[PDB]
Amino acid sequence: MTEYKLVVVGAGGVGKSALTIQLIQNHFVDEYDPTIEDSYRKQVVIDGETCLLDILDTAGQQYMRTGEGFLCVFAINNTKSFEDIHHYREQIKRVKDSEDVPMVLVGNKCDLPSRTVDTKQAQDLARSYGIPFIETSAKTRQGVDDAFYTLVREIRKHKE
Ligand SMILES: Nc1nc2c(ncn2[C@@H]2O[C@H](COP(=O)(O)OP(=O)(O)NP(=O)(O)O)[C@@H](O)[C@H]2O)c(=O)[nH]1
Ligand SMILES: [Mg+2]
């Protein structure tokens, strides 16, 4: 089956591992254990096609070389994580040496009322980048499948 190397990037505490754990193991880790690094494999069906997801859950600032699609995560209650997104995208473009790397902008923790980055602010950023924007919550699983599957679909269009 076709294998997809997905990389989850973003500032610390935004919910990178929470999103990955929820996708892979279907439960919410609410104890914050900062990730030195982690790497996960899961076989899924997206749009009827079977594939193997190879997911690297990175730390918040080689893995950029490997990945085929990038999940760039900020928390909607963390203004600096949203501002940090621009650094990650430029870092991805530098090592990929391309303006067209498959990636998805993810606004996590949408369950929280403590919002400082509003939905239209992030939608604007993703529009300039030419990538999709998904609001997610690792706590309630809203958008989690949508975020990773959209990244896989972005890779698909990019590959064809
Ligand atoms: N309310 C809420 N809390 C969340 C959500 N996602 C993650 N958290 C919480 O956010 C904290 C950090 O989560 P974690 O997944 O470790 O974040 P990270 O972005 O992987 N951290 P790191 O960069 O250190 O490796 C934990 O308390 C986690 O339970 C969410 O959608 N909603
Ligand atoms: Mg982590």
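For the structure given in this document, a descriptive report is provided here. (Residues numbered from 1 in each chain as written, not as in the entry; some residues may be left out. Chains lettered and ligands numbered in written order. Heavy atoms only, no water. Residues with missing side-chain atoms left out of burial classes, pairs and counts.)

A few words on the side chain of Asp57. One can find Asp57 in strand β3 (residues 49-57). One polar contact links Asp57 to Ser17, side chain to side chain, over a distance of 2.5 Å. In contact with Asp57, other than residues within four places in its own chain, are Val8, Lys16, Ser17, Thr20, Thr35, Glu37, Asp38 and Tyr40. (Helix = DSSP H or I, 4+ residues; strand = E, 2+ residues; numbered from the N terminus. Polar contact = N/O pair within 3.5 Å; in protein donor to acceptor, adjacent residues only side chain to side chain. Contact = heavy atoms within 4.5 Å.)

One open sheet accounts for six strands, arranged β2-β3-β1-β4-β5-β6; its pairing is mixed. In the strand order of this sheet, the two ends are held by β2 (38-46) and β6 (133-135), each with one partner. Along the sheet, successive strands turn relative to each other by an average axial angle of 25 degrees, direction set aside. As paired elements, strand β1 (residues 2-10) and β3 share seven bridges and run parallel to each other. (Pairing = 2+ DSSP bridges. Axes fitted to C-alpha atoms, helices over the stretch in contact; angles between N-to-C directions.)

Even without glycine at this site, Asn26 takes up a positive phi of about 60 degrees. Mapping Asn26 onto the fold places it in the loop between α1 (16-25) and β2. For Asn26, a relative accessible area of 48% translates into the label partly exposed. Positive phi outside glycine occurs at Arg141, with the angle close to 70 degrees. Considering the arrangement of structural elements, one finds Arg141 in the loop between β6 and α5 (144-159). (Buried < 20%, exposed > 50% of the residue type's maximum accessible area, 1.4 Å probe, protein only.)

Turning our eyes to something else, we now look at the environment of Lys16. Considering the arrangement of structural elements, one finds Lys16 in helix α1. Separated by 43 residues in the primary sequence, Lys16 and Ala59 place their C-alpha atoms 8.4 Å from one another. Apart from residues lying up to four places away in sequence, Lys16 is in contact with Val8, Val9, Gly10, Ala11, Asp57, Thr58, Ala59, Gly60 and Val73. In this structure the side chain of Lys16 is engaged in a polar contact, spanning 3.0 Å, whose partner is the backbone oxygen of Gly10.

What follows concerns the nonpolar core. Nonpolar side chains tend toward joint burial in soluble globular proteins. In terms of nonpolar packing, the biggest core is built from 50 residues, with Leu6, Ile55, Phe70, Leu71, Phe74 and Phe148 touching the most fellow members. In terms of residues, this core owes the most to one element, α5, which gives seven residues. With sequence-adjacent residues up to four places away left out, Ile55 is seen in contact with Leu6, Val8, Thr20, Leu23, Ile24, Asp38, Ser39, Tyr40 and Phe148. (Core = buried A, V, L, I, M, F, W, Y, C linked by side-chain atoms within 4.5 Å.)

Our next topic: the coordination of the magnesium ion (ligand 2). Six octahedral donors at a metal ideally form angles of 90 or 180 degrees, and four tetrahedral donors ideally form angles of 109.5 degrees. At the metal site, the magnesium ion (ligand 2) is ligated by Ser17 (OG) and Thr35 (OG1), and these contacts range over 2.1 Å. Linking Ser17 in helix α1 with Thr35 in the loop between α1 and β2, this pair joins segments that are 18 residues apart in sequence. Exposure remark for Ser17: the relative accessible area of 17% places this residue in the buried category. Judged by relative accessible area, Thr35 falls into the buried class, the value being 16%. (Donors = N, O, S within 2.8 Å, 3.2 Å for Na, K, Ca; no water.)

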